[PDB]
Every structure is written in structure tokens, then in C-alpha cells.
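Structure, as C-alpha cells:
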């Protein structure tokens, strides 16, 4: 619901939603939006839909379908280099979706915008070092850039405090034409736990596990740390509930 | 791109009198996104006020930026001969940014009596090219100074080309250099070339004299 | 503070490729944007293009987009604009101005400027008219002698008394078009001495397209 509420941020200003210990329904979110492009790295998309892992990390931003290739760790495109990076070590699933007309409460930004270049001038006048975004981190040059880039060509500069480093930080702003239907890119970086699986798919429990399915039948019961062989018969409640 | 109205331009302003320049915008612009540029004659424009709020480094406090959203006014506390120049208001709220049409400022400290010099055509100019004739009107203020050429003490048609320099930064005076183009071959009957000058300066127009 | 300088004025045929060069002083480029401004004669300044050397980004005005290629390099320390296919009407003075940023589109400093004229006509060498000092002169108060450059096709010739040593008493008048296509400008100086003057050597003349500097000794007559 927080992802649905409000307006999705730009790729550089992407907000982070983290779910550690809750039942998850990725399929329901996939049903709500129309996903034009689905891809995953280090795991199957079907496996990601139905598996238990220690934690789930979801990043939501407005990304157009046309520049999806640029935002890849393998790609040398500037947007991936200076805006959003996804950790290679954790399995990463990348989903691009277009909001349906029926879906409501999704505010649309005036245009999609990205940081064309992020660089820091060195203390030496003739020396400049480019700054490359580390995994996530919301981008190094995000502070100079406004939430939506004002013009297709923009120049941003700010000066770091000396000692350190007393070096100007320079950023570029670029924009792309807004699509009639808003397009949003989602980056997911779930972390698997060898001994811990706090977040599990909805609904993990099944009818066979439920006593009502096996009522009247000799069955093995493993409920709340008690293991035994017994037959369950429906009867009037007795004892402390 | 915003179309912007501008003040009419040339005005007669005494020194020590406040001067106001109007920069209305037809299309709405940011409340403080306007740059004032002053260019001296034959000089590059220099920023005076940035954002129409604060003077740029090295710019006198007397120049001030006032007004917001649509109309921007530049007011100068004191007026000097150096102050007179062309002023442009640039609105950078909308891109492409649009510079002002510009308003020339004229300061007249006092009326200046014209000094008239006649330059007789040299022999070298006769030997090569058309000798022609040259007349000078140094320190003739205001700009409206009229010189008519006289050939052989007889009325001559005003085909002469005259150039008047802009006011000096400190002198604030105008100098005019009317020149009559005469073919070297056509130098026989005419013996005298003169430039009578009619101006506010001087009691009466004075004819000149060449002979030689 | 970096002083801003621009290439010498040049004359080209219409549609020719012409490059105007603006160089940051000190052999190094500061982290500032470079803007190109075209001013038509007797007209308001018009922004043409914005290039930042450190960013490497290039932007142009809608009126003149794709007809101009602008390249700025920090290592070169020089920002230059190349204009090709420009119409004859496009001729105007060009200025390069420092930019604080997109959030700060105000130019603290401006370049001296380059005048480019696009016409299909042959350039004409300038001819200096004789000083012809006035026969009637003040008796020791001042003496008026002026050498005027004439018959020069390409603006602007620069004329300096004593190679620019004498900046006092000199009056320069802007070139005025005559009936002939060639146009001329006027230079005169006033020297307190009736004869000789402050310096015997004066009227050094340089033509910006010619790039030739000539010094002539001057004697009052």
C-alpha cells in the first residue's frame, strides 16, 4: 500500500521498502500492475514468487521501458553507472511495469528524469575524478539534482568542505518524454538466509496441514512442538481455550 | 522564451537624480530570476544585479533591483556620467533565457559649445585617390549638431557623411566628424571649403575657411 | 577570477564553416559553464548555446539548433563554437560568457567578442588618409591632427596613437556606411604642443582581418 500511495520517485531518488518478517503476495502486486518486462538474476522468477528467505528488499521508482537496457549492472550505460545499482551477490529480480488506467492513486511526475553524469573535481584545478554509484546508496550526486530535473540539459555544481575534500562536485541532469501511461521500474534484492527464513509466501499453510481436512482419520500430528499419532474428532469445546 | 516589455530608452537625466528602468514580462516569470547587464559604448555587458535582489561583486550599491513576478525595476541612487550606458534585463526563469531589448541612458552635465576644425586635403591624397575634405566638431553636446558643407563660398548639397561618437565615460560629451567626398579630378573652380555649424552652443553659426 | 578572451574578428562567405574560439586564461579551465551570445547590430543580445567543459554536455538555442557544433575540453582549456550553413543575415558580434550553473544563469564576466561578417565580396586593404593638420590652430593651447582609415571592406580596423601609448585627447568615431559599399571610420588626436606633439611617432595602424601592424612617424604641417 505505501508503494501504491503517493507519487513514485525518479530512479536516482528511488525509495526503499524492506520487508523482513511478513507473509508476501508478489503475485497480487504483479496482478495490480501490467508488467511489460520481467527479468531475474541468480534465481528463477517462478522460484522468487514462491520461496522463503531471511529478508525481502524492494526498490520502487518511475522508469520508462525505452531506457530499461541502460539500467543494468552488465550495461555500461550512464544511468546504471551514476543513478541506481543492484548488488550482484544477493539474487536480484528486476521488474518493469506500466500502470493500468483502472489503477488509481498513482500520481504521475511531469517527466521521467535521470542524472546524466556524476563527477567530483579534485583539489588540483586541471584534475577531475568521476564518481560511480555504489550498490544502492540513493546516488552520490542526488543532493545537487532536484527530485525532477528542470530541463533536458542542466548543470549542477556544489563545493565539498575543505579538509575534506575542498573539491567541487559536478552533476548533469537529463529528462525523457513522459509516456501517456506511467511506467515504473522495480528492483528487488532479496537476501536468502541459510538458517533464517523470516519472510515466506502467502499462504505458506495448505489444506492437508489443517486438521479439518484429516478429521476422522488416524493421522500423525506435529502441532506447536508436540509429535504423536492420533485421530481428531469434532466435539464441544472443553478446558481453557 | 518569455516576451518582455522594456523602458523607451534614451532619456535626458541630470546627475544626482534617481533613474528607474521598467522590465515588465508578458508571461509570468520567477519572482527573483532576473539579471541586469550594463554595456558601455564599445564595451562587453557586465552583470550588475543577479536575481534582481543583490548587487554582483564589484558593482556599486546605488544600482538596486526591485519588483517581482512580472515587473522588475532598476533604481540608481545617484547618477554619474560613468553610469550612462545601455541596460538589459535577462529573465532566466524560462529557457531559452531572453535578454532585455535594452534602454540607453544619457547624462548631460552641461551644454558644450562646439569646436570646429577644417582639415585641408593633403597633396599626397591628391596624388593617390580622391583628396576629399574633412571637418571636425569636437565637444558638441548634445548629439543634435548640424554641419553643412560650403564649396567655393556657395551652397553645397548635403551628400557629406557625418559620424558622431558616443558620450565619453568621464567627459560625457559628443564629437562629430562630417567629411565631404570630392573627386581629386574635380578640384578646379572651388578654392574654399567650409563647414558652417548650427548648434545650441555658440552665439551664431560660424563659417570656416580653406584657401591654401 | 579568470579573464575571458576571444578570437580576432574574421570575415567568411555565407554558408562557410566559421569557428570562434574563447580561451580560459592560465592554461587551465575552472568548473564553470561557457555560454555563446549573438548580438545583432542595434539589437538585444540573443543566447546561442551553452557548453560546460567539465560536464562535456552541449546545448543550443531552438533558433540555431544543429547548424552549430560546440566543443569544450578541460584539458584544452579552450571552448570553441563552429557555425556552418549560416545565412548572410546571421552576421553579428559573438560573446563568450561564464555561467555559475543551471540554477545560476547570470554571467559575471563576458568575452571581448568576435565580429564575423558573412558576405560574398572580396576583402579590401585599408588606406590611411593624410593627417592634414588644420591650418587654423590654437596658439599653444592644442593642435588637431588626425589619420583616418578609409576604404576598408571588413570591420573593424583598430587605429592607435603612439601604438596605444597616448590614450588622452583621442576621439574615435564609429564607421558610417557611405553610398559606396566600402565604409570608413575616423580617428583624430589633440596634442598641446602646436608642432612636434607629445611624441613624433604616432598613428600606429593595425587591421584585424589583415593582422598587419604598421608604425608611421608623424610630423605636424
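Chains as they are written, first to last, in the authors' numbering: chain A, 386 to 626; chain K, 1 to 212; chain H, 1 to 221.
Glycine included, every Cβ here is placed at the ideal spot set by N, Cα and C.
Neighbour flag for residue i against chain H, beta carbons, 8 Å
{"i": "residue 542 of chain A", "result": "yes"}
{"i": "residue 549 of chain A", "result": "no"}
{"i": "residue 398 of chain A", "result": "no"}
{"i": "residue 502 of chain A", "result": "yes"}
{"i": "residue 19 of chain K", "result": "no"}
{"i": "residue 589 of chain A", "result": "no"}
{"i": "residue 391 of chain A", "result": "no"}
{"i": "residue 187 of chain K", "result": "no"}
{"i": "residue 545 of chain A", "result": "no"}
{"i": "residue 510 of chain A", "result": "yes"}
{"i": "residue 498 of chain A", "result": "no"}
{"i": "residue 584 of chain A", "result": "no"}
{"i": "residue 97 of chain K", "result": "yes"}
{"i": "residue 182 of chain K", "result": "no"}
Proximity winner among the options, relative to residue i (alpha-carbon distances)
{"i": "residue 615 of chain A", "options": "A/599, A/621 and A/625", "result": "A/599"}
{"i": "residue 207 of chain K", "options": "K/188, K/146 and K/92", "result": "K/146"}
{"i": "residue 187 of chain H", "options": "H/169, H/197, H/82 and H/66", "result": "H/169"}
{"i": "residue 142 of chain H", "options": "H/148, H/133 and H/175", "result": "H/133"}
{"i": "residue 496 of chain A", "options": "A/569, A/554 and A/466", "result": "A/569"}
{"i": "residue 499 of chain A", "options": "A/485, A/526, A/482 and A/420", "result": "A/526"}
{"i": "residue 427 of chain A", "options": "A/474, A/442 and A/461", "result": "A/474"}
{"i": "residue 109 of chain K", "options": "K/181, K/49 and K/172", "result": "K/172"}
{"i": "residue 422 of chain A", "options": "A/576, A/541 and A/572", "result": "A/572"}
{"i": "residue 71 of chain K", "options": "K/199, K/31, K/13 and K/48", "result": "K/31"}
{"i": "residue 476 of chain A", "options": "A/506, A/439 and A/425", "result": "A/425"}
{"i": "residue 115 of chain H", "options": "K/130, K/166 and K/44", "result": "K/44"}
{"i": "residue 100 of chain K", "options": "H/185, H/163, H/39 and H/214", "result": "H/39"}
{"i": "residue 127 of chain K", "options": "K/11, K/61 and K/183", "result": "K/183"}
{"i": "residue 446 of chain A", "options": "A/482, A/506 and A/625", "result": "A/482"}
{"i": "residue 535 of chain A", "options": "A/550, A/492, A/514 and A/562", "result": "A/562"}
{"i": "residue 197 of chain H", "options": "H/145, H/208, H/8 and H/6", "result": "H/145"}
{"i": "residue 210 of chain K", "options": "H/135, H/200, H/164 and H/21", "result": "H/135"}
{"i": "residue 3 of chain K", "options": "K/35, K/91 and K/149", "result": "K/91"}
Chain-order list of residues whose beta-carbon lies under 7 Å from that of residue i (same chain, five-residue window excluded)
{"i": "residue 17 of chain K", "result": "79"}
{"i": "residue 47 of chain H", "result": "35, 37 and 61"}
{"i": "residue 490 of chain A", "result": "389 and 390"}
{"i": "residue 596 of chain A", "result": "617"}
{"i": "residue 69 of chain H", "result": "82"}
Sequence-distant residues of its chain with Cβ nearer than 8 Å to residue i (five each side left out)
{"i": "residue 607 of chain A", "result": "none"}
{"i": "residue 542 of chain A", "result": "529, 553, 554, 555 and 556"}
Contacting residues, own chain, Cβ-Cβ under 6 Å from residue i (five flanking each side not counted)
{"i": "residue 27 of chain H", "result": "77"}
{"i": "residue 139 of chain K", "result": "112, 115 and 173"}
{"i": "residue 21 of chain K", "result": "7, 74, 87 and 103"}
{"i": "residue 410 of chain A", "result": "587"}
{"i": "residue 9 of chain K", "result": "103 and 104"}
{"i": "residue 203 of chain H", "result": "147, 216 and 218"}
Any chain K beta carbon closer than 8 Å to residue i
{"i": "residue 107 of chain H", "result": "yes"}
{"i": "residue 146 of chain H", "result": "yes"}
{"i": "residue 176 of chain H", "result": "yes"}
{"i": "residue 153 of chain H", "result": "no"}
{"i": "residue 172 of chain H", "result": "yes"}
Minimum Cβ-Cβ distance from residue i to chain A less than 8 Å
{"i": "residue 212 of chain H", "result": "no"}
{"i": "residue 181 of chain H", "result": "no"}
{"i": "residue 169 of chain H", "result": "no"}
{"i": "residue 101 of chain H", "result": "yes"}
*Using a Cβ-Cβ cut-off of less than 7 Å, give me the residues of the region 48–71 of chain H that come near chain K, in sequence order.*
The residues in question are 61 and 62.
*Looking at chain H, which residues of the region 454–466 of chain A have a Cβ within less than 8 Å of any of its Cβ atoms?*
Listed in sequence order: no entries.
*Got a sec: which bits of the region 125–147 of chain K sit with their beta carbon under 7 Å from any beta carbon on chain H, in order along the chain?*
Result list: 125, 129, 134, 136 and 138.
*asked:* Please list, in chain order, the residues of the region 185–202 of chain H that have any C-beta partner in chain K closer than 8 Å.
replied: Taking 8 Å as the upper bound on Cβ-Cβ separation, chain K lies near residues 185, 186, 188 and 190 of the region 185–202 of chain H.
*Could you say if the region 111–127 of chain K and the region 84–98 of chain K meet the contact criterion of at least three C-beta pairs nearer than 8 Å?*
Touching, no, given that fewer than three Cβ pairs across the two stretches are closer than 8 Å.
*asked:* Assess contact between the region 24–31 of chain K and the region 117–133 of chain K, defined as three or more Cβ pairs (one per stretch) separated by less than 8 Å. Is contact present?
replied: Because the criterion of three Cβ pairs below 8 Å is not met, the region 24–31 of chain K and the region 117–133 of chain K do not touch.
*Count the CB pairs spanning the region 77–92 of chain H and the region 10–26 of chain H that are closer than 8 Å, and state whether there are at least three.*
The region 77–92 of chain H vs the region 10–26 of chain H: in contact.
*If you measure beta-carbon to beta-carbon, which residues of the region 103–135 of chain H are closer than 9 Å to chain K?*
The region 103–135 of chain H vs chain K, Cβ under 9 Å: 104, 105, 106, 107, 108, 109, 110, 111, 112, 113, 127, 129, 130, 131, 132, 133, 134 and 135.
*Mind the definition here: the region 61–69 of chain K touches the region 156–175 of chain K only if three or more C-beta pairs lie below 8 Å; say whether that holds.*
Contact fails: fewer than three Cβ-Cβ distances are below 8 Å.
*Any chance the region 400–413 of chain A sits against the region 449–462 of chain A, with 3 or more Cβ pairs inside 8 Å?*
No: fewer than three Cβ pairs fall under 8 Å.
*Spell out a yes or no on whether the region 175–195 of chain H and the region 136–150 of chain H are touching, meaning 3 or more CB-CB pairs, one atom from each, closer than 8 Å.*
Result yes; three or more Cβ-Cβ pairs closer than 8 Å.
*Does the count of Cβ pairs from the region 55–73 of chain H and the region 105–119 of chain H closer than 8 Å reach three?*
Contact between the region 55–73 of chain H and the region 105–119 of chain H is absent, because fewer than three Cβ pairs lie under 8 Å.
*Touch check for the region 130–139 of chain K and the region 182–197 of chain K: three-plus C-beta pairs under 8 Å?*
Yes: at least three Cβ pairs fall under 8 Å.
*What residues from the region 49–80 of chain K come within 8 Å of chain H, judged by C-beta to C-beta, listed N to C?*
Residues passing the 8 Å Cβ filter: 50, 51, 56 and 57.
*Check each residue of the region 70–99 of chain H: if its Cβ is closer than 9 Å to any Cβ of chain A, include it; give the result in chain order.*
Within the region 70–99 of chain H, contact with chain A at the beta-carbon level (separation under 9 Å) is assigned to 74, 75, 77 and 99.
*Note down, in chain order, all residues in the region 14–47 of chain H with a beta-carbon under 9 Å from any beta-carbon belonging to chain A.*
Going along the region 14–47 of chain H in chain order, one finds 26, 27, 28, 29, 30, 31, 32 and 33 with a Cβ nearer than 9 Å to chain A.
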